[PDB]
Amino acid sequence: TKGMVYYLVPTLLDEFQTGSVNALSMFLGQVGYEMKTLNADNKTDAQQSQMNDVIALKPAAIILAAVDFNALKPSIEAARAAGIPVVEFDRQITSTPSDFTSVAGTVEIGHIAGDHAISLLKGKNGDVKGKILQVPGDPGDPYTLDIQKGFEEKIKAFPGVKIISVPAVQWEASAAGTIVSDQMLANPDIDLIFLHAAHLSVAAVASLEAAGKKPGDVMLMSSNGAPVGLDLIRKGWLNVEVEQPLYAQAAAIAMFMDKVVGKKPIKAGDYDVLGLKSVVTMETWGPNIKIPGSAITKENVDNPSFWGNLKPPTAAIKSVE
Ligand SMILES: N[C@@H]1[C@@H](O)[C@H](O)[C@@H](CO)O[C@@H]1O
């Protein structure tokens, strides 16, 4: 064994989070690290306390996905000062250095979602008009902040589309259900609802159903690729799911961990991570790998490369030498 790695996961409340524990644990194990997971259960002060605890344990590395991206900056600094490598998973922290960061191309995921919304709202006469209800996730999470930026950039170019945006605080599907019910009663002309993770869409479907809607009446889209999302595609409720590449983000951390722990430089460039072109840059917050997401529709929903089909790579993750 090469040592222990602590993963500070923000919650265990959807398939991405629990999937990330499983993938990081398995992949790191393939490259000779034992992973231990601590769950913040959506409490910032818990995760901050967990950081102190783990710093005291002096592990080979810490993997953090911050509950709140502004709140954790001091903890990151403390860990690194104690000589412990810190890796950011999924939730990008740009305001202080980390030793590695592994994220989806989130602005690009918002762009893809934007392109599909536009396509979905384009009318017979070539114009783009309608009303979109957008349901971001928690404001403390750069994943949704950056998807929102990309999405809005696309949609704003077509001012005949009105957009209503209401975040689901703490990523709660229950909030999303309330939002969809209240907003649809006030705006019967909502044509499309874009939610930033598929577990939110599950609540949206129930809210639509309770208002008498059937699959396809209101177009629906979400943006993380979770299994419940792909199942809503198959059932006709969801028009599009723009996945983030969970397995690849996890695999990349395992692939580069020897370099992180060895304090060896991580060279900028294009890498293959589980078949995806993954881009490493040197940023002010340290080495960063950005891995692309993809749009999933009924036409390609069964592609085993998409993590919501729960067919992880068969072959050995290997350390980057
Ligand atoms: N990128 C992840 C999503 O996949 C996930 O749904 C939320 C909530 O767990 O956290 C992060 O934002």
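Definitions and limits used
- Residues numbered from 1 in each chain as written, not as in the entry; some residues may be left out.
- Heavy atoms only, no water.
- Residues with missing side-chain atoms left out of burial classes, pairs and counts.
- Buried < 20%, exposed > 50% of the residue type's maximum accessible area, 1.4 Å probe, protein only.
- Helix = DSSP H or I, 4+ residues; strand = E, 2+ residues; numbered from the N terminus.
- Pairing = 2+ DSSP bridges.
- Right-handed = clockwise from strand over helix to strand, strands pointing away.
- UniProt positions renumbered as here; feature names shortened; annotations may be inferred.
- Salt bridge = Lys/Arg side-chain N within 4 Å of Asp/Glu carboxyl O.
- Core = buried A, V, L, I, M, F, W, Y, C linked by side-chain atoms within 4.5 Å.
- Contact = heavy atoms within 4.5 Å.
- Axes fitted to C-alpha atoms, helices over the stretch in contact; angles between N-to-C directions.

In the PDB header, X-ray crystallography is given as the technique by which the entry was determined, and 1.8010 Å as its resolution.

**Q** Describe the pairing of strand β4 (residues 86-89), and please don't skip the residues or the numbers.
**A** By the alternation rule, side chains of β4 split into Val86 and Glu88 and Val87 and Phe89, which are all buried. In the sheet, strand β3 (residues 61-64) pairs with β4 via three bridges, with the strands oriented parallel. Counted as the bridge partner of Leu64 is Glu88 from β4. Read from β3 through helix α3 (residues 73-81) to β4, the crossover connection turns out right-handed. One ladder, built from three bridges, connects β4 with strand β5 (residues 100-104); its direction is parallel. Note that in β5 the partner of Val87 across the bridge is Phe100.

**Q** Please give an account of the UniProt feature "domain: Periplasmic binding protein" (unreviewed entry) in the protein chain that cites residues and values.
**A** Feature annotation in UniProt places "domain: Periplasmic binding protein" (unreviewed entry) on residues 7-263, given in this structure's numbering. Measuring from the first to the last C-alpha atom of residues 7-263 gives 19 Å, for a span that is 47% helix and 18% strand.

**Q** Please give an account of the pattern of salt bridges that cites residues and values.
**A** Where charged atoms from two side chains of opposite charge come close, those side chains can pair. Per the counting criterion, the structure on display carries 12 salt bridges. Linking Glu34 and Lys36 is a salt bridge whose minimum nitrogen-to-oxygen distance equals 2.9 Å. Residue classification places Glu34 among the partly exposed positions, given a relative accessible area of 36%. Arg234 is the partner of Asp231 in a salt bridge, and the nearest nitrogen-oxygen pair spans 3.4 Å. Placement of the pair is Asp231 and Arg234 together in helix α8 (residues 227-234), with a separation of three residues, close to one helical turn. Of the residues examined, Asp231 reaches a relative accessible area of 42% and is grouped as partly exposed.

**Q** Hey, could you go over the nonpolar core for me, with residue numbers and the actual values?
**A** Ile132, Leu133, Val135, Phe151, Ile193 and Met221 are the most contacted members of the largest nonpolar core, which totals 44 residues. Counting residues per element, this core draws most heavily on helix α4 (residues 106-121), which supplies five residues. The contact partners of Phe151, leaving out residues within four places of it in the chain, are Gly110, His111, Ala113, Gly114, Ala117, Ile132, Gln134, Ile163, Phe194 and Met221. The next biggest cluster of nonpolar side chains, apart from the first, holds 39 residues, and it includes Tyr33, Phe256, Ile266 and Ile291.

**Q** Please set out the sheet that holds strand β6 (residues 130-135) residue by residue, giving values where relevant.
**A** Strand pairs in the sheet, formed through backbone hydrogen bonds, run parallel or antiparallel to each other. On the basis of which strands lie adjacent, the open sheet formed by six strands has the order β7-β6-β8-β9-β10-β14 and mixed pairing. One side of each edge strand has no neighbouring strand; the edge strands of this open sheet are β7 (161-165) and β14 (294-296). Adjacent strand axes in the sheet meet at a mean angle of 20° when their direction is disregarded. In the sheet, β6 pairs with strand β8 (residues 192-195) via four bridges, with the strands oriented parallel. The residue of β8 that forms the bridge with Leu133 is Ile193. The strands touched by α4 are β6, β7, β8, β9 (219-222), β10 (240-243) and β14; relative to β10, the strand with the most contacts, the crossing angle is about 165°.

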